[PDB]
């Protein structure tokens, strides 16, 4: 049923680990999923549409994990507060590196993928800015830059730096160092004057 759907998705995520979407075929996806090519087309219009769904699931998984954290304060200092939050993104995207990688590239060619990234980025930035503002209101953070602008740059840093690290780009921060690196820059830029 939608078991077939789940299978198409699992096959695509598995195949994306080995090669880019350009070198994966609908025949490849159908085969791996144990269905014919016409049956594939019943569930998805295109292999592009498969990636879109995989990216949607990863993005929503991150978002739901962040919502959980936001509802349950971990009983910490400001550094571990931000760390735990950044770590949601580090772990979620880091657990799905092939979807992350293919979904990042697809931004250039797919308006739907571009808009999905854009929608969630705006949400995560707004949440970052709300937290910074609450930190300023409680007297914990100084009123320096506009919170939303600061939040924008810090989120864009995270996007670029996490994904470079996961892809092993040259240059990149080693994956085992990237959390500490980002948390330092967040805590210093948010609390520093």
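Residue numbers count along the first chain shown, from 1. What we label the rigid core is the largest C-alpha set whose atoms superpose within 1.5 Å from one form to the other.
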item	value
Divergent stretch in 9 other deposited structures of this protein, 72 to 80 or 105 to 113 [C-alpha RMS, superposed by the core]	72 to 80
Average Cα temperature factor in the PDB entry - higher stretch of 28 to 36, 158 to 166	28 to 36
Mean Cα B-factor comparison, 172 to 180 or 7 to 15, giving the higher one as deposited	7 to 15
106, 98, 86, 116, ranked by C-alpha B-factor: the highest one	106
Of the residues 48, 56, 149, 63, the one carrying the largest Cα B-factor as recorded	48
Residue 140 - which third its CA temperature factor falls in, relative to the rest of the chain	highest
Ranked C-alpha temperature factor of residue 112 among modelled chain residues, by third	highest
Modelled-residue ranking by C-alpha temperature factor, third containing residue 91	lowest
Lowest, middle or highest third - CA B-factor, residue 68	highest
